[PDB]
>>> print(open('protein-v4.txt').read())   # compact mmCIF, C-alpha atoms
# COMPACT_ATOMS: atom_id res chain seq x y z
CA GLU A 1 20.53 -14.61 24.49
CA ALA A 2 16.78 -13.98 24.28
CA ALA A 3 14.07 -15.50 26.48
CA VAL A 4 15.43 -18.72 28.04
CA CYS A 5 12.46 -21.03 27.68
CA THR A 6 9.63 -21.04 25.16
CA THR A 7 5.94 -20.80 26.16
CA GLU A 8 5.32 -24.08 24.35
CA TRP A 9 3.11 -26.67 26.06
CA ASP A 10 5.19 -29.81 25.46
CA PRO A 11 4.93 -31.69 28.76
CA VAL A 12 7.73 -33.90 29.96
CA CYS A 13 8.53 -35.51 33.30
CA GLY A 14 11.84 -35.64 35.13
CA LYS A 15 13.53 -38.50 36.99
CA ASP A 16 12.27 -36.86 40.18
CA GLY A 17 8.67 -37.32 39.02
CA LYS A 18 7.98 -33.62 38.44
CA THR A 19 6.04 -32.52 35.37
CA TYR A 20 7.65 -29.67 33.43
CA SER A 21 5.65 -27.65 30.91
CA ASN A 22 8.28 -27.82 28.17
CA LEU A 23 11.60 -29.66 27.95
CA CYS A 24 13.37 -26.33 28.57
CA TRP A 25 11.98 -25.97 32.09
CA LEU A 26 13.07 -29.58 32.75
CA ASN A 27 16.60 -28.70 31.59
CA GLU A 28 16.71 -25.45 33.61
CA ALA A 29 15.72 -27.43 36.72
CA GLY A 30 18.69 -29.72 36.05
CA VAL A 31 16.72 -32.94 36.35
CA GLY A 32 17.37 -35.72 33.91
CA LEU A 33 14.46 -36.56 31.60
CA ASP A 34 12.49 -39.73 32.34
CA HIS A 35 9.03 -39.67 30.73
CA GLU A 36 7.41 -37.75 27.91
CA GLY A 37 4.02 -36.34 28.91
CA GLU A 38 2.80 -35.43 32.38
CA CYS A 39 3.40 -37.41 35.58
CA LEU A 40 1.20 -38.03 38.62
>>> encode(input="protein-v4.txt", output="structure tokens")
Amino acid sequence: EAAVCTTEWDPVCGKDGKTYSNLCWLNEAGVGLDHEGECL
């Protein structure tokens, strides 16, 4: 165990349309991945 996510800006977007800063925050939110990059 350490920190749980990085502070890396690597935007991704979940199947629920939400933009997550890195892939870790997407995984912690439990949403499946859909897009790479930001959503709108």
>>> residues_around(input="protein-v4.txt", residues="region 22-29 of chain A", least_positions_apart="5", cutoff="8 Å", atoms="all atoms listed in the file", output="PyMOL selection string")
chain A and resi 4-14
>>> atom_distance(input="protein-v4.txt", atom1="CA of residue 37 (chain A)", atom2="CA of residue 17 (chain A)")
11.2 Å
>>> axis_aligned_box(input="protein-v4.txt", around="region 22-33 of chain A", padding_each_side="3 Å", output="lines of an AutoDock Vina configuration file")
center_x = 13.5
center_y = -31.0
center_z = 32.3
size_x = 16.4
size_y = 17.1
size_z = 14.8
>>> residues_around(input="protein-v4.txt", residues="residue 16 (chain A)", least_positions_apart="6", cutoff="9 Å", atoms="only C-alpha atoms", output="PDB file with C-alpha atoms, in the frame of the given file")
ATOM      1  CA  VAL A  31      16.720 -32.940  36.350  1.00  0.00           C
ATOM      2  CA  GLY A  32      17.370 -35.720  33.910  1.00  0.00           C
ATOM      3  CA  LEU A  33      14.460 -36.560  31.600  1.00  0.00           C
ATOM      4  CA  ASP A  34      12.490 -39.730  32.340  1.00  0.00           C
TER       5      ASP A  34
END
>>> decode(input="protein-v4.txt", residues="chain A", atoms="C-alpha atoms", output="PDB file, in the first residue's frame")
ATOM      1  CA  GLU A   1       0.000   0.000   0.000  1.00  0.00           C
ATOM      2  CA  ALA A   2       1.110   3.570  -0.730  1.00  0.00           C
ATOM      3  CA  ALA A   3      -0.981   6.339  -2.289  1.00  0.00           C
ATOM      4  CA  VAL A   4      -3.874   4.749  -4.224  1.00  0.00           C
ATOM      5  CA  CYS A   5      -3.897   6.854  -7.370  1.00  0.00           C
ATOM      6  CA  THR A   6      -1.110   8.753  -9.087  1.00  0.00           C
ATOM      7  CA  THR A   7      -1.257  12.513  -9.776  1.00  0.00           C
ATOM      8  CA  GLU A   8      -0.764  11.787 -13.464  1.00  0.00           C
ATOM      9  CA  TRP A   9      -2.904  13.700 -15.968  1.00  0.00           C
ATOM     10  CA  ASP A  10      -3.941  10.844 -18.272  1.00  0.00           C
ATOM     11  CA  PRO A  11      -7.602  11.581 -19.003  1.00  0.00           C
ATOM     12  CA  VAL A  12     -10.036   8.793 -19.692  1.00  0.00           C
ATOM     13  CA  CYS A  13     -13.826   8.623 -19.817  1.00  0.00           C
ATOM     14  CA  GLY A  14     -16.127   6.036 -18.277  1.00  0.00           C
ATOM     15  CA  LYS A  15     -19.212   4.316 -19.699  1.00  0.00           C
ATOM     16  CA  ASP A  16     -21.251   6.791 -17.651  1.00  0.00           C
ATOM     17  CA  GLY A  17     -19.729   9.685 -19.601  1.00  0.00           C
ATOM     18  CA  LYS A  18     -17.656  11.049 -16.709  1.00  0.00           C
ATOM     19  CA  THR A  19     -14.112  12.239 -17.323  1.00  0.00           C
ATOM     20  CA  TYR A  20     -11.553  10.876 -14.860  1.00  0.00           C
ATOM     21  CA  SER A  21      -8.138  12.497 -14.497  1.00  0.00           C
ATOM     22  CA  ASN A  22      -6.181   9.235 -14.640  1.00  0.00           C
ATOM     23  CA  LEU A  23      -7.290   5.643 -15.266  1.00  0.00           C
ATOM     24  CA  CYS A  24      -6.890   4.981 -11.523  1.00  0.00           C
ATOM     25  CA  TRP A  25      -9.700   7.368 -10.563  1.00  0.00           C
ATOM     26  CA  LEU A  26     -11.871   5.672 -13.213  1.00  0.00           C
ATOM     27  CA  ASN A  27     -11.120   2.277 -11.636  1.00  0.00           C
ATOM     28  CA  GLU A  28     -11.726   3.533  -8.075  1.00  0.00           C
ATOM     29  CA  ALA A  29     -15.120   4.868  -9.193  1.00  0.00           C
ATOM     30  CA  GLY A  30     -15.931   1.368 -10.470  1.00  0.00           C
ATOM     31  CA  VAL A  31     -17.078   2.507 -13.897  1.00  0.00           C
ATOM     32  CA  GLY A  32     -16.050   0.542 -16.928  1.00  0.00           C
ATOM     33  CA  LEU A  33     -13.752   2.374 -19.344  1.00  0.00           C
ATOM     34  CA  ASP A  34     -15.277   3.656 -22.591  1.00  0.00           C
ATOM     35  CA  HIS A  35     -13.176   6.420 -24.172  1.00  0.00           C
ATOM     36  CA  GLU A  36      -9.593   7.582 -23.863  1.00  0.00           C
ATOM     37  CA  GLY A  37      -9.354  11.342 -23.408  1.00  0.00           C
ATOM     38  CA  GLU A  38     -11.930  13.691 -21.917  1.00  0.00           C
ATOM     39  CA  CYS A  39     -15.701  13.570 -22.478  1.00  0.00           C
ATOM     40  CA  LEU A  40     -18.291  16.335 -22.806  1.00  0.00           C
TER      41      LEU A  40
END
